[PDB]
Structures are given as structure tokens and as C-alpha cells.
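> Partial complex follows, first chain(s) only, in situ:
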Amino acid sequence: XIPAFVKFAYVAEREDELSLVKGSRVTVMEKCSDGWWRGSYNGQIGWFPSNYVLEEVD
């Protein structure tokens, strides 16, 4: 599975979305061609807009 870093804060707006905390690491489980990604953070799973994060370049 694929890690990404939160560049911008995101407050979940629907119950199946994941709130993103600026500076944290999320695990991306799934990508959609429309730019919504599904991932996990701190025991929570859900959808977020991909342009709030940047995939880790290791």
C-alpha cells in the first residue's frame, strides 16, 4: 500500500470521508480517475481529495 503526506488540512464533509491533518502520513489504498483517493489514518478509513496530499517520493 502507498504512503502520502497531507499538505493541506481537510475536514471530512460526508461520513465516508477521511479528515486530513496537515503534516501527517496517510496510507493510500485506492485511487479513482476523478481524483478521490481512499486511505487510512490513525484507525480511520475513508475518501479524500487527492490534491490535498502528495505521494511520498522515497
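Looks like it arrived, so ask away. Numbers count the residues shown, from 1 in each chain, chains lettered A, B, ... in the order given.
> so who does the closest residue to residue A:56 other than its chain neighbours touch?
Leaving aside its sequence neighbours, residue A:56 sits nearest to residue A:3 (CB to CB, 6 or more residues apart in numbering; 4.7 Å). The C-beta positions use only the backbone N, C-alpha and C, and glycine is treated the same way. Contact partners of residue A:3, counting by CB atoms under 8 Å, 6 or more residues apart in numbering, are A:25, A:26, A:27, A:28, A:55, A:56.
> residues near the closest residue to the fifth one other than its chain neighbours, how many?
In space, residue A:55 comes closest to residue A:4 once its chain neighbours are excluded; the distance is 4.9 Å by CB to CB, 6+ apart. The tally of other residues near residue A:4 (other CB atoms under 10 Å) stands at 20.
> Verify the contact between residue A:4 and residue A:25 for me.
Yes. Between residue A:4 and residue A:25 there is a contact under CB atoms under 8 Å: 7.4 Å.
> quick one: common contacting residues for these two?
Shared contacts of residue A:4 and residue A:25, defined by CB under 8 Å, 6+ apart, comprise residue A:56.
> sequence below should go in as chain B:
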Amino acid sequence: XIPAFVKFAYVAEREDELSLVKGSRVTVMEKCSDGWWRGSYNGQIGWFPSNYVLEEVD
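Alright, chain B goes in next:
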């Protein structure tokens, strides 16, 4: 928007799924990395598993 052709029949199992008629042409609007695609057929819009279809860009 992209055409795909139905190889195997698929009965919608959830309310947001599209039933696929064998041999028919569907318009794929969206693709997700877990193999679910979203498309339309004869007025209807829904998700379906991509291993039941075959993409065209021929």
C-alpha cells in the same frame, strides 16, 4: 468518454451498480484502481467490475 464491450453478463447486486448485457457497448466514465468502473448503458448509470468488460481505443 470511453467505450467498453461486455464479455460476461452481470446482474447489479447493489443499488448503485449497473447490470451488463453480454455483447453490449457501455461508456466508461470513471475507473478505480481496485477494478470497479463506473459507466452508462441505455439511460442508466452505475458501477460494475471491470473484468466483465473489454476496453476499446481502436
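> The neighbour count of residue A:4 with chain B there, same question as before?
20 (other CB atoms under 10 Å in any protein chain shown).
> Quickly note the distance from it to chain B.
Shown here: residue A:4 relative to chain B, a distance of 14 Å by CB to the nearest CB, to the nearest Å.
> That residue: helix or strand, and which one exactly?
If you go by DSSP states H and E, residue A:4 is part of strand A:2-6.
> other SSEs contacting the helix or strand just after that strand?
Heading C-terminal from strand A:2-6, the first helix or strand you meet, by DSSP H and E, is strand A:25-31. Other helices and strands packing on strand A:25-31, by 3 or more CB pairs under 8 Å, 6 or more residues apart in numbering or on different chains; DSSP states H and E, are strand A:2-6, strand A:36-41, strand A:53-55.
> most packed of these?
strand A:36-41 (a mean of 19; mean count of other CB atoms under 10 Å in any protein chain shown).
> For that one, list the C-alpha coordinates in CSV.
What follows is strand A:36-41 as a C-alpha-only set of coordinates in CSV (Å, rounded to 0.1, in the frame of the first residue of the first chain):
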residue,chain,number,x,y,z
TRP,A,36,-10.8,10.9,-5.0
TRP,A,37,-8.5,8.6,-3.1
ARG,A,38,-9.3,6.2,-0.3
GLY,A,39,-6.9,5.8,2.6
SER,A,40,-6.3,5.2,6.3
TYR,A,41,-5.0,7.4,9.2
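> one more chain, chain C:
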Amino acid sequence: XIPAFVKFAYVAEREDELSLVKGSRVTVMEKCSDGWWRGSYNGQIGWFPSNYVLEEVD
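With chain C added, the chains above now look like this:
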């Protein structure tokens, strides 16, 4: 199935939501305890917040 009248305009904000036009009639197919309802209007199906509509009293 159960008709309702749109009291307030709603512009769909996710792809599985239904835009509501002020004054139109929607068919409600499903209600959720959190207040999201699923219905159809003019060949479109999707979710909307129930407090934008009023169930028809006939």
C-alpha cells in the same frame, strides 16, 4: 414509491447526489436515519438532504 416537493434549490456536490430544482416533484425511493434520502427526478437518481424537500401530503 413516495413523492416530495423541492422547497429549496440544491446543486449536487458529489457525483452520487441529485440536484434539486425549486418547485419540482421528486420520487423518494429510500430514507436514511441521518436525513439523506435517495430519489429520482427527470431521469436522474441520487442522494439529497431531506430538509430541502417536503413529503407530499395528498
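> Re-run the earlier check on the neighbour count of residue A:4 with chain C in the model.
There are 20 residues near residue A:4, going by other CB under 10 Å.
> For it, list each beta-bridge partner.
Residues in a beta bridge with residue A:4, per DSSP bridges, are residue A:26, residue A:55.
> And residue A:39, by the same measure?
When assigned by DSSP bridges, residue A:39 has beta-bridge partners residue A:28, residue A:46.
> Residue A:4 is in contact with that one, correct?
Yes. Using CB under 8 Å, residue A:39 is in contact with residue A:4, at 7.2 Å.
> Now do the shared contacts for these two.
A:26, A:28 (CB atoms under 8 Å, 6 or more residues apart in numbering or on different chains).
> quick one: residue A:37 from chain B, how far?
Residue A:37 sits at a distance of 9 Å from chain B (criterion: CB to the nearest CB).
> Not counting its neighbours along the chain, what's nearest that residue?
By the measure of CB to CB, 6 or more residues apart in numbering or on different chains, the closest residue to residue A:37 outside its immediate chain neighbours is residue A:50, 4.7 Å from it.
> check contacts around the one you found.
Contacts of residue A:50 were listed using CB under 8 Å, 6+ apart, and they are A:31, A:35, A:36, A:37.
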